[PDB]
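Data from upload26.tsv: TSV, C-alpha atoms and all ligand atoms
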```
chain	number	residue	atom	x	y	z
A	1	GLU	CA	-8.82	-33.22	7.04
A	2	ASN	CA	-9.62	-30.48	4.56
A	3	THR	CA	-8.36	-27.76	6.95
A	4	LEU	CA	-6.19	-27.46	10.02
A	5	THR	CA	-5.66	-24.76	12.61
A	6	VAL	CA	-2.17	-23.96	13.90
A	7	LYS	CA	-1.92	-22.00	17.14
A	8	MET	CA	0.95	-19.49	17.07
A	9	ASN	CA	2.88	-18.26	20.12
A	10	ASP	CA	5.72	-15.82	20.54
A	11	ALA	CA	9.08	-17.53	20.90
A	12	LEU	CA	11.21	-16.67	23.94
A	13	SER	CA	14.75	-17.55	24.95
A	14	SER	CA	13.06	-19.19	27.99
A	15	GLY	CA	10.35	-21.10	26.15
A	16	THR	CA	6.91	-20.25	24.79
A	17	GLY	CA	5.32	-16.85	25.20
A	18	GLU	CA	2.11	-14.99	24.39
A	19	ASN	CA	-0.41	-16.62	22.10
A	20	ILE	CA	-1.00	-14.37	19.09
A	21	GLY	CA	-3.81	-16.32	17.43
A	22	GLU	CA	-3.93	-19.07	14.85
A	23	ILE	CA	-3.33	-19.75	11.16
A	24	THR	CA	-5.94	-21.78	9.25
A	25	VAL	CA	-4.49	-23.91	6.44
A	26	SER	CA	-6.86	-25.13	3.73
A	27	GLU	CA	-6.42	-27.04	0.47
A	28	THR	CA	-7.26	-25.27	-2.80
A	29	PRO	CA	-6.93	-26.33	-6.45
A	30	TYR	CA	-3.83	-24.08	-6.59
A	31	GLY	CA	-2.10	-25.29	-3.41
A	32	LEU	CA	-2.22	-24.67	0.30
A	33	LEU	CA	-3.84	-21.45	1.51
A	34	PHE	CA	-2.58	-20.04	4.83
A	35	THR	CA	-5.21	-17.70	6.27
A	36	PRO	CA	-3.82	-15.96	9.36
A	37	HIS	CA	-5.91	-14.76	12.29
A	38	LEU	CA	-3.09	-13.20	14.28
A	39	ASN	CA	-2.21	-10.13	16.29
A	40	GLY	CA	0.85	-8.97	18.20
A	41	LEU	CA	3.16	-8.46	15.22
A	42	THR	CA	5.18	-5.57	13.79
A	43	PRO	CA	3.59	-4.11	10.63
A	44	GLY	CA	5.06	-5.11	7.31
A	45	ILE	CA	6.33	-8.30	5.70
A	46	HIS	CA	7.67	-11.13	7.85
A	47	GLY	CA	9.57	-14.21	6.83
A	48	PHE	CA	7.15	-17.15	7.03
A	49	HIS	CA	8.29	-20.74	6.55
A	50	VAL	CA	7.58	-24.33	7.47
A	51	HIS	CA	10.48	-25.65	9.58
A	52	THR	CA	11.49	-29.28	9.85
A	53	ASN	CA	10.91	-30.18	13.51
A	54	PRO	CA	7.59	-30.14	15.40
A	55	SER	CA	8.95	-27.98	18.18
A	56	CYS	CA	9.10	-24.28	19.01
A	57	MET	CA	11.52	-24.75	21.94
A	58	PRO	CA	14.66	-22.61	22.29
A	59	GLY	CA	18.20	-23.89	21.88
A	60	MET	CA	21.75	-22.82	22.60
A	61	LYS	CA	24.02	-21.50	19.86
A	62	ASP	CA	27.45	-19.87	20.24
A	63	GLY	CA	26.83	-19.39	23.95
A	64	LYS	CA	23.35	-17.82	23.87
A	65	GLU	CA	19.78	-19.10	23.95
A	66	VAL	CA	18.09	-18.75	20.56
A	67	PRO	CA	14.26	-18.59	20.47
A	68	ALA	CA	12.64	-21.50	18.59
A	69	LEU	CA	16.01	-22.93	17.54
A	70	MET	CA	14.69	-26.47	18.10
A	71	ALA	CA	12.32	-26.06	15.12
A	72	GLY	CA	15.39	-26.78	12.98
A	73	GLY	CA	15.94	-25.35	9.51
A	74	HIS	CA	13.52	-24.72	6.66
A	75	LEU	CA	11.56	-27.82	5.60
A	76	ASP	CA	13.66	-29.30	2.82
A	77	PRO	CA	12.93	-33.01	2.19
A	78	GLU	CA	14.67	-32.85	-1.20
A	79	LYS	CA	17.80	-31.49	0.52
A	80	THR	CA	18.09	-28.55	-1.90
A	81	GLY	CA	19.85	-26.42	0.72
A	82	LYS	CA	18.61	-23.25	-1.01
A	83	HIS	CA	16.22	-20.51	0.13
A	84	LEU	CA	14.43	-19.43	-3.06
A	85	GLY	CA	10.87	-18.67	-1.92
A	86	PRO	CA	7.42	-20.09	-2.61
A	87	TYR	CA	7.54	-19.87	-6.42
A	88	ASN	CA	10.84	-21.69	-7.11
A	89	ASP	CA	10.96	-25.52	-7.04
A	90	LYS	CA	14.75	-25.50	-6.66
A	91	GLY	CA	14.64	-24.42	-3.01
A	92	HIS	CA	13.20	-25.35	0.39
A	93	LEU	CA	9.71	-26.88	0.15
A	94	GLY	CA	8.92	-25.00	3.37
A	95	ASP	CA	9.31	-21.53	1.84
A	96	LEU	CA	5.98	-19.71	2.09
A	97	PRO	CA	5.10	-16.20	0.87
A	98	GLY	CA	5.96	-13.43	3.27
A	99	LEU	CA	3.40	-12.90	6.02
A	100	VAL	CA	1.65	-9.54	5.65
A	101	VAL	CA	0.99	-7.65	8.89
A	102	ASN	CA	-1.42	-4.74	9.06
A	103	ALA	CA	-0.74	-1.40	10.76
A	104	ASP	CA	-2.55	-2.53	13.94
A	105	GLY	CA	-0.30	-5.59	14.26
A	106	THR	CA	-2.92	-8.07	12.97
A	107	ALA	CA	-2.30	-10.51	10.13
A	108	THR	CA	-5.36	-11.38	8.07
A	109	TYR	CA	-4.22	-11.39	4.41
A	110	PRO	CA	-4.37	-14.94	2.99
A	111	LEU	CA	-1.19	-16.52	1.60
A	112	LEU	CA	-1.09	-19.10	-1.20
A	113	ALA	CA	1.85	-21.51	-1.25
A	114	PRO	CA	1.40	-23.18	-4.64
A	115	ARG	CA	4.22	-25.74	-4.21
A	116	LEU	CA	2.43	-27.33	-1.22
A	117	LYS	CA	-0.56	-29.41	-2.25
A	118	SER	CA	-1.71	-31.48	0.75
A	119	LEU	CA	-1.98	-30.87	4.47
A	120	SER	CA	-0.11	-34.19	4.85
A	121	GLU	CA	3.07	-32.32	3.92
A	122	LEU	CA	2.76	-30.14	7.05
A	123	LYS	CA	2.30	-32.96	9.59
A	124	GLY	CA	5.10	-33.26	12.11
A	125	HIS	CA	6.60	-29.86	11.26
A	126	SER	CA	6.35	-26.28	12.51
A	127	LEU	CA	5.28	-22.87	11.21
A	128	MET	CA	7.64	-19.94	11.83
A	129	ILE	CA	7.22	-16.17	11.73
A	130	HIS	CA	10.48	-14.24	11.68
A	131	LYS	CA	11.40	-10.73	12.79
A	132	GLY	CA	12.78	-9.77	9.38
A	133	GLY	CA	11.25	-10.08	5.94
A	134	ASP	CA	11.86	-12.45	3.03
A	135	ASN	CA	13.29	-11.57	-0.37
A	136	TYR	CA	13.13	-15.25	-1.42
A	137	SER	CA	16.93	-15.46	-1.75
A	138	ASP	CA	20.04	-16.28	0.24
A	139	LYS	CA	21.46	-12.93	-1.00
A	140	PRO	CA	22.17	-10.38	0.34
A	141	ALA	CA	21.34	-12.13	3.61
A	142	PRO	CA	20.88	-15.86	4.26
A	143	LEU	CA	17.37	-17.28	4.36
A	144	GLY	CA	15.65	-14.23	2.88
A	145	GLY	CA	16.82	-11.96	5.67
A	146	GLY	CA	14.25	-13.41	8.07
A	147	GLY	CA	16.76	-13.44	10.90
A	148	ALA	CA	15.42	-14.13	14.37
A	149	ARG	CA	12.39	-16.29	15.08
A	150	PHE	CA	9.53	-14.24	16.54
A	151	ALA	CA	6.56	-16.64	16.73
A	152	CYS	CA	6.06	-20.34	16.13
A	153	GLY	CA	3.49	-23.12	16.10
A	154	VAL	CA	3.62	-26.90	15.87
A	155	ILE	CA	1.62	-29.12	13.49
A	156	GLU	CA	1.34	-32.52	15.19
A	157	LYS	CA	-0.82	-35.52	14.17
B	1	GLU	CA	12.34	-13.86	-20.32
B	2	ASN	CA	8.91	-12.68	-21.45
B	3	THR	CA	7.56	-10.04	-19.06
B	4	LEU	CA	5.08	-7.19	-19.26
B	5	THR	CA	5.77	-3.79	-17.72
B	6	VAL	CA	2.54	-1.92	-16.98
B	7	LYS	CA	2.84	1.78	-16.14
B	8	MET	CA	0.31	2.79	-13.48
B	9	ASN	CA	-1.09	6.31	-13.14
B	10	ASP	CA	-3.46	7.92	-10.68
B	11	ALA	CA	-7.02	8.06	-11.98
B	12	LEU	CA	-8.82	11.39	-11.67
B	13	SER	CA	-12.32	12.53	-12.52
B	14	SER	CA	-10.80	14.89	-15.13
B	15	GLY	CA	-8.42	12.41	-16.74
B	16	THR	CA	-5.14	10.73	-15.90
B	17	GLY	CA	-2.92	11.97	-13.10
B	18	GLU	CA	0.67	11.40	-12.09
B	19	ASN	CA	2.59	8.20	-12.65
B	20	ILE	CA	3.08	6.08	-9.55
B	21	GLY	CA	5.48	3.51	-10.99
B	22	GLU	CA	4.99	0.24	-12.83
B	23	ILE	CA	3.96	-3.37	-12.29
B	24	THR	CA	6.06	-6.12	-13.84
B	25	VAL	CA	4.09	-9.24	-14.80
B	26	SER	CA	5.94	-12.52	-15.32
B	27	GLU	CA	4.95	-16.11	-16.04
B	28	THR	CA	5.71	-18.80	-13.45
B	29	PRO	CA	4.87	-22.53	-13.34
B	30	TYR	CA	2.11	-21.55	-10.86
B	31	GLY	CA	0.54	-18.65	-12.77
B	32	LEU	CA	1.19	-14.99	-13.36
B	33	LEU	CA	3.30	-13.05	-10.85
B	34	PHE	CA	2.58	-9.32	-10.44
B	35	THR	CA	5.68	-7.62	-8.98
B	36	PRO	CA	4.84	-3.99	-8.17
B	37	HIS	CA	7.28	-1.09	-8.09
B	38	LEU	CA	4.87	1.61	-6.95
B	39	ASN	CA	4.68	4.65	-4.71
B	40	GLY	CA	2.10	7.21	-3.64
B	41	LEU	CA	-0.50	4.80	-2.25
B	42	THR	CA	-2.26	4.69	1.10
B	43	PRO	CA	-0.77	2.03	3.39
B	44	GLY	CA	-2.76	-1.17	3.56
B	45	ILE	CA	-4.41	-3.62	1.20
B	46	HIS	CA	-5.94	-2.36	-2.04
B	47	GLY	CA	-8.38	-4.02	-4.39
B	48	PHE	CA	-6.37	-5.07	-7.45
B	49	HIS	CA	-8.05	-6.54	-10.54
B	50	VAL	CA	-7.87	-6.91	-14.28
B	51	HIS	CA	-10.70	-4.94	-15.89
B	52	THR	CA	-12.17	-5.62	-19.30
B	53	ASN	CA	-11.39	-2.53	-21.38
B	54	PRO	CA	-7.96	-1.17	-22.42
B	55	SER	CA	-8.70	2.29	-21.07
B	56	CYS	CA	-8.19	4.16	-17.82
B	57	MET	CA	-10.15	7.24	-18.81
B	58	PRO	CA	-12.95	8.69	-16.66
B	59	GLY	CA	-16.59	8.84	-17.64
B	60	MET	CA	-19.96	10.11	-16.50
B	61	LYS	CA	-22.28	7.93	-14.43
B	62	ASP	CA	-25.55	9.12	-12.92
B	63	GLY	CA	-24.45	12.72	-13.36
B	64	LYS	CA	-20.93	12.43	-11.92
B	65	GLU	CA	-17.52	11.85	-13.49
B	66	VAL	CA	-16.15	8.53	-12.25
B	67	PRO	CA	-12.36	7.96	-12.37
B	68	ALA	CA	-11.31	5.20	-14.74
B	69	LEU	CA	-14.91	4.26	-15.49
B	70	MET	CA	-13.96	3.42	-19.08
B	71	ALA	CA	-12.00	0.36	-17.96
B	72	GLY	CA	-15.33	-1.39	-17.50
B	73	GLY	CA	-15.88	-4.10	-14.93
B	74	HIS	CA	-13.80	-6.99	-13.68
B	75	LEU	CA	-12.53	-9.28	-16.43
B	76	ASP	CA	-15.02	-12.16	-16.57
B	77	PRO	CA	-14.77	-14.22	-19.80
B	78	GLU	CA	-16.79	-17.05	-18.21
B	79	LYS	CA	-19.60	-14.64	-17.24
B	80	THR	CA	-19.66	-15.78	-13.62
B	81	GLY	CA	-21.02	-12.46	-12.38
B	82	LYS	CA	-19.38	-13.14	-9.02
B	83	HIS	CA	-16.40	-11.61	-7.23
B	84	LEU	CA	-14.60	-14.45	-5.45
B	85	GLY	CA	-10.91	-13.53	-5.61
B	86	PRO	CA	-7.78	-15.08	-7.10
B	87	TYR	CA	-8.13	-18.62	-5.67
B	88	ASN	CA	-11.74	-19.44	-6.62
B	89	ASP	CA	-12.54	-20.30	-10.24
B	90	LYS	CA	-16.26	-19.61	-9.71
B	91	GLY	CA	-15.68	-15.84	-9.93
B	92	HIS	CA	-14.15	-13.17	-12.17
B	93	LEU	CA	-10.95	-14.32	-13.87
B	94	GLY	CA	-9.61	-10.80	-13.42
B	95	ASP	CA	-9.62	-11.06	-9.61
B	96	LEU	CA	-6.02	-10.68	-8.43
B	97	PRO	CA	-4.68	-10.83	-4.87
B	98	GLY	CA	-4.96	-7.64	-2.89
B	99	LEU	CA	-2.15	-5.15	-3.52
B	100	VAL	CA	0.00	-4.80	-0.41
B	101	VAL	CA	1.16	-1.23	0.27
B	102	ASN	CA	3.90	-0.61	2.83
B	103	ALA	CA	3.77	2.02	5.58
B	104	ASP	CA	5.81	4.43	3.43
B	105	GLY	CA	3.25	4.27	0.63
B	106	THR	CA	5.27	1.99	-1.67
B	107	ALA	CA	4.19	-1.38	-3.09
B	108	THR	CA	6.86	-4.05	-3.59
B	109	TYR	CA	5.38	-7.36	-2.36
B	110	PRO	CA	4.89	-9.77	-5.31
B	111	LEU	CA	1.41	-11.15	-5.96
B	112	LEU	CA	0.71	-14.57	-7.48
B	113	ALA	CA	-2.53	-14.99	-9.46
B	114	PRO	CA	-2.64	-18.77	-10.05
B	115	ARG	CA	-5.70	-18.75	-12.32
B	116	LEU	CA	-3.93	-16.68	-15.00
B	117	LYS	CA	-1.36	-18.66	-16.95
B	118	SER	CA	-0.17	-16.58	-19.92
B	119	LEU	CA	0.63	-12.90	-20.43
B	120	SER	CA	-1.48	-13.05	-23.59
B	121	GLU	CA	-4.55	-13.27	-21.32
B	122	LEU	CA	-3.89	-9.68	-20.15
B	123	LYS	CA	-3.60	-8.10	-23.61
B	124	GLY	CA	-6.31	-5.58	-24.41
B	125	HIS	CA	-7.30	-5.14	-20.77
B	126	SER	CA	-6.40	-2.87	-17.85
B	127	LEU	CA	-5.01	-3.22	-14.34
B	128	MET	CA	-6.90	-1.41	-11.57
B	129	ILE	CA	-5.90	-0.37	-8.05
B	130	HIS	CA	-8.85	0.61	-5.86
B	131	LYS	CA	-9.13	2.89	-2.84
B	132	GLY	CA	-10.65	0.16	-0.65
B	133	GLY	CA	-9.47	-3.38	0.01
B	134	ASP	CA	-10.60	-6.78	-1.20
B	135	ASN	CA	-12.08	-9.56	0.96
B	136	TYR	CA	-12.57	-11.72	-2.19
B	137	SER	CA	-16.36	-11.72	-1.81
B	138	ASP	CA	-19.45	-9.76	-2.85
B	139	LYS	CA	-20.44	-9.37	0.83
B	140	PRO	CA	-20.64	-7.30	2.92
B	141	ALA	CA	-19.73	-5.00	-0.01
B	142	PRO	CA	-19.92	-5.82	-3.74
B	143	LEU	CA	-16.71	-6.52	-5.63
B	144	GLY	CA	-14.73	-7.11	-2.45
B	145	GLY	CA	-15.20	-3.57	-1.11
B	146	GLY	CA	-12.72	-2.03	-3.53
B	147	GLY	CA	-14.97	0.94	-4.11
B	148	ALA	CA	-13.52	3.82	-6.12
B	149	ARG	CA	-10.73	3.45	-8.67
B	150	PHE	CA	-7.49	5.08	-7.56
B	151	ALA	CA	-4.87	4.12	-10.16
B	152	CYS	CA	-4.91	2.26	-13.45
B	153	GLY	CA	-2.74	1.02	-16.30
B	154	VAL	CA	-3.53	-0.21	-19.82
B	155	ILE	CA	-2.08	-3.44	-21.23
B	156	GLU	CA	-1.72	-3.11	-25.03
C	201	CU	CU	11.73	-19.68	8.89
C	202	CU	CU	-11.10	-3.56	-9.95
C	203	ZN	ZN	13.84	-21.37	2.99
C	204	ZN	ZN	-13.97	-9.38	-9.28
```

Mind turning the file's structure into structure tokens?
Ligand SMILES: [Cu+2]
Ligand SMILES: [Cu+2]
Ligand SMILES: [Zn+2]
Ligand SMILES: [Zn+2]
Amino acid sequence: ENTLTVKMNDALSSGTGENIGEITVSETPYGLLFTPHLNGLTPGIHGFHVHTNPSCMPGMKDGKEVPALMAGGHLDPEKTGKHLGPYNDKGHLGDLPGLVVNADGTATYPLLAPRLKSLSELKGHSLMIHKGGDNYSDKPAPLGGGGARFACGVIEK
Amino acid sequence: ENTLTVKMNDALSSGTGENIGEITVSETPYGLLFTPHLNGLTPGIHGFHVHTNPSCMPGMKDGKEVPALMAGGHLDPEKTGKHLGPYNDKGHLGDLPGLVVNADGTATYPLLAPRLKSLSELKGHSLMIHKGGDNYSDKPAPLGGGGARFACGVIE
């Protein structure tokens, strides 16, 4: 393909929740462009990453159900172990720019991830929108401060 | 490392208004990164572009003083005459990603312009923040719908 469309749903401790739209991913000469067509989100910047597993299912951790835990960690085929954002090749390949949410809860602003070059790199993985933001660092909080997983979609094929 | 710090000031019909912070420009392997440290803006997305002239002063047009008119138009060394945004090399080279302003009126979210590669490409030009947004197209409104010029900073 030259584009793909990822449906995004809210992540619940019990499974999958409300559909909040889709994200269209296209290839550009500068990398992958993520153009959201979403609603249902808190205004501001949200952590936004490709995660390793093609699942948005919840999982148990320290006694409690965690929404979208089965998506696994940030996509990291080079096993860097480091959350350094979309502009640093020393960290997770799955680190995308923060998702920008408008005051009415829609997300429309397009996001360029220059380190990703082909839609093939997304196949068999998941897209994640977090409750918190992303300062592209593991300091002062791990994983950019994204925290909990709010919405999720699977890229199959 | 080599970075530029561009002070940004409100643009008024009578001249230059109050400072609203600065934008730090850095070079990355993927292009220039504009990291804003601004305040005093309306929440939302603002048209954000490099303009040709190293001035932010106002000027008269069709009988009215226009804020920051002296910056000229969008930087366009290839004379494309088209506004197509930061990801499309068929339009103005000066087209940057829209400036993201938080609910409290501050701008902190960093913006990558992949088509710009060296800080030297910004010397002798200006950075412009518009009142309106930017849909990276000349339709439905020309120049992405940025409209009037709200704040501006000279580089060199
Ligand atoms: Cu994530
Ligand atoms: Cu402009
Ligand atoms: Zn990461
Ligand atoms: Zn333009």

Taking only C-alpha atoms and all ligand atoms into account, name the residue in A:88, A:2, A:102, A:118 that is nearest to ligand ZN 203 (chain C). A:88

Considering only C-alpha atoms, give me a table of residues in chain B that are at most 12 Å from chain A, with the closest atom pair and distance in Å for each, as CSV.
```
residue,atom,partner,partner_atom,distance
B:26,CA,A:87,CA,11.7
B:27,CA,A:87,CA,10.6
B:28,CA,A:87,CA,7.3
B:29,CA,A:87,CA,7.9
B:30,CA,A:114,CA,6.5
B:31,CA,A:30,CA,9.3
B:32,CA,A:87,CA,10.6
B:33,CA,A:87,CA,9.2
B:42,CA,A:103,CA,11.5
B:43,CA,A:103,CA,8.1
B:44,CA,A:102,CA,6.7
B:45,CA,A:109,CA,8.4
B:46,CA,A:109,CA,11.2
B:85,CA,A:110,CA,10.9
B:86,CA,A:112,CA,9.8
B:87,CA,A:30,CA,7.0
B:88,CA,A:28,CA,8.3
B:89,CA,A:29,CA,9.1
B:90,CA,A:29,CA,12.0
B:97,CA,A:110,CA,8.9
B:98,CA,A:109,CA,8.2
B:99,CA,A:109,CA,10.3
B:100,CA,A:100,CA,7.9
B:101,CA,A:44,CA,8.9
B:102,CA,A:44,CA,6.5
B:103,CA,A:44,CA,7.4
B:104,CA,A:44,CA,10.3
B:105,CA,A:44,CA,11.7
B:106,CA,A:44,CA,11.4
B:107,CA,A:44,CA,11.1
B:108,CA,A:45,CA,10.2
B:109,CA,A:45,CA,8.2
B:110,CA,A:97,CA,8.9
B:111,CA,A:97,CA,9.3
B:112,CA,A:112,CA,7.9
B:113,CA,A:112,CA,9.3
B:114,CA,A:30,CA,6.4
B:115,CA,A:30,CA,8.0
B:116,CA,A:30,CA,11.2
B:117,CA,A:30,CA,12.0
B:133,CA,A:109,CA,10.5
B:134,CA,A:109,CA,9.7
B:135,CA,A:109,CA,8.8
B:136,CA,A:110,CA,10.2
```

I'd like the neighbourhood of residue 25 (chain B) as a list in words, where a residue qualifies if any of its atoms comes within 7 Å (using all atoms listed in the file), though same-chain residues fewer than 3 positions away should be ignored. residues 3, 4, 5, 32, 33, 34 and 35 of chain B

Could you write out that same residue set with C-alpha atoms as a short mmCIF file (atom, residue, chain, number, x, y, z; two decimals), keeping the file's coordinate frame?
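Written out: selection30.cif:
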```
data_model
loop_
_atom_site.label_atom_id
_atom_site.label_comp_id
_atom_site.auth_asym_id
_atom_site.auth_seq_id
_atom_site.Cartn_x
_atom_site.Cartn_y
_atom_site.Cartn_z
CA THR B 3 7.56 -10.04 -19.06
CA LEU B 4 5.08 -7.19 -19.26
CA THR B 5 5.77 -3.79 -17.72
CA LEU B 32 1.19 -14.99 -13.36
CA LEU B 33 3.30 -13.05 -10.85
CA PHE B 34 2.58 -9.32 -10.44
CA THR B 35 5.68 -7.62 -8.98
#
```

Neighbourhood of ligand ZN 203 (chain C) at 7 Å, counting all atoms listed in the file, reported as a list in words: residues 49, 74, 82, 83, 84, 85, 91, 92, 94, 95 and 143 of chain A

Mind checking which residues fall within 7 Å of residue 58 (chain A), counting all atoms listed in the file, ignoring those fewer than 2 positions away in the same chain, and posting them as a PDB file with C-alpha atoms, in the frame of the given file?
```
ATOM      1  CA  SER A  13      14.750 -17.550  24.950  1.00  0.00           C
ATOM      2  CA  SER A  14      13.060 -19.190  27.990  1.00  0.00           C
ATOM      3  CA  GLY A  15      10.350 -21.100  26.150  1.00  0.00           C
ATOM      4  CA  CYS A  56       9.100 -24.280  19.010  1.00  0.00           C
ATOM      5  CA  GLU A  65      19.780 -19.100  23.950  1.00  0.00           C
ATOM      6  CA  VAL A  66      18.090 -18.750  20.560  1.00  0.00           C
ATOM      7  CA  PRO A  67      14.260 -18.590  20.470  1.00  0.00           C
ATOM      8  CA  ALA A  68      12.640 -21.500  18.590  1.00  0.00           C
ATOM      9  CA  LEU A  69      16.010 -22.930  17.540  1.00  0.00           C
ATOM     10  CA  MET A  70      14.690 -26.470  18.100  1.00  0.00           C
TER      11      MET A  70
END
```

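Closest to residue 128 (chain A) among A:52, A:5, A:42, A:19 is A:52, based on all atoms listed in the file.
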
Nearby residues (only C-alpha atoms) at most 6 Å from region 148-152 of chain A, same-chain spacing under 3 positions excluded, as a ChimeraX atom specification: /A:8-11,56,127-131

Take the residues just selected and output them with C-alpha atoms as a PDB file, in the frame of the given file.
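Generated output (again.pdb):
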```
ATOM      1  CA  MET A   8       0.950 -19.490  17.070  1.00  0.00           C
ATOM      2  CA  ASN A   9       2.880 -18.260  20.120  1.00  0.00           C
ATOM      3  CA  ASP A  10       5.720 -15.820  20.540  1.00  0.00           C
ATOM      4  CA  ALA A  11       9.080 -17.530  20.900  1.00  0.00           C
ATOM      5  CA  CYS A  56       9.100 -24.280  19.010  1.00  0.00           C
ATOM      6  CA  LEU A 127       5.280 -22.870  11.210  1.00  0.00           C
ATOM      7  CA  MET A 128       7.640 -19.940  11.830  1.00  0.00           C
ATOM      8  CA  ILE A 129       7.220 -16.170  11.730  1.00  0.00           C
ATOM      9  CA  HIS A 130      10.480 -14.240  11.680  1.00  0.00           C
ATOM     10  CA  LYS A 131      11.400 -10.730  12.790  1.00  0.00           C
TER      11      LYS A 131
END
```

Suppose you want the space between CA of residue 129 (chain B) and CA of residue 47 (chain B); what is it in Å? 5.7 Å

Within 9 Å of ligand CU 202 (chain C), which residues show up when you count only C-alpha atoms and all ligand atoms? List them as a PDB file with C-alpha atoms, in the frame of the given file, please.
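Result file part30.pdb:
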```
ATOM      1  CA  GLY B  47      -8.380  -4.020  -4.390  1.00  0.00           C
ATOM      2  CA  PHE B  48      -6.370  -5.070  -7.450  1.00  0.00           C
ATOM      3  CA  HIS B  49      -8.050  -6.540 -10.540  1.00  0.00           C
ATOM      4  CA  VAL B  50      -7.870  -6.910 -14.280  1.00  0.00           C
ATOM      5  CA  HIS B  51     -10.700  -4.940 -15.890  1.00  0.00           C
ATOM      6  CA  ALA B  71     -12.000   0.360 -17.960  1.00  0.00           C
ATOM      7  CA  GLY B  72     -15.330  -1.390 -17.500  1.00  0.00           C
ATOM      8  CA  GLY B  73     -15.880  -4.100 -14.930  1.00  0.00           C
ATOM      9  CA  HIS B  74     -13.800  -6.990 -13.680  1.00  0.00           C
ATOM     10  CA  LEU B  75     -12.530  -9.280 -16.430  1.00  0.00           C
ATOM     11  CA  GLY B  94      -9.610 -10.800 -13.420  1.00  0.00           C
ATOM     12  CA  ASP B  95      -9.620 -11.060  -9.610  1.00  0.00           C
ATOM     13  CA  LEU B  96      -6.020 -10.680  -8.430  1.00  0.00           C
ATOM     14  CA  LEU B 127      -5.010  -3.220 -14.340  1.00  0.00           C
ATOM     15  CA  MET B 128      -6.900  -1.410 -11.570  1.00  0.00           C
ATOM     16  CA  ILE B 129      -5.900  -0.370  -8.050  1.00  0.00           C
ATOM     17  CA  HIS B 130      -8.850   0.610  -5.860  1.00  0.00           C
ATOM     18  CA  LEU B 143     -16.710  -6.520  -5.630  1.00  0.00           C
ATOM     19  CA  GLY B 146     -12.720  -2.030  -3.530  1.00  0.00           C
ATOM     20  CA  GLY B 147     -14.970   0.940  -4.110  1.00  0.00           C
ATOM     21  CA  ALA B 148     -13.520   3.820  -6.120  1.00  0.00           C
ATOM     22  CA  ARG B 149     -10.730   3.450  -8.670  1.00  0.00           C
TER      23      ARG B 149
END
```

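Between residue 38 (chain A) and the residues A:12, A:75, A:155, A:23, the shortest atom-to-atom distance, using only C-alpha atoms, involves A:23.
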
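We find CA of residue 59 (chain A) and CA of residue 125 (chain A) to be spaced 16.8 Å apart.
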
For ligand ZN 204 (chain C), the closest of B:122, B:155, B:20, B:84 counting only C-alpha atoms and all ligand atoms is B:84
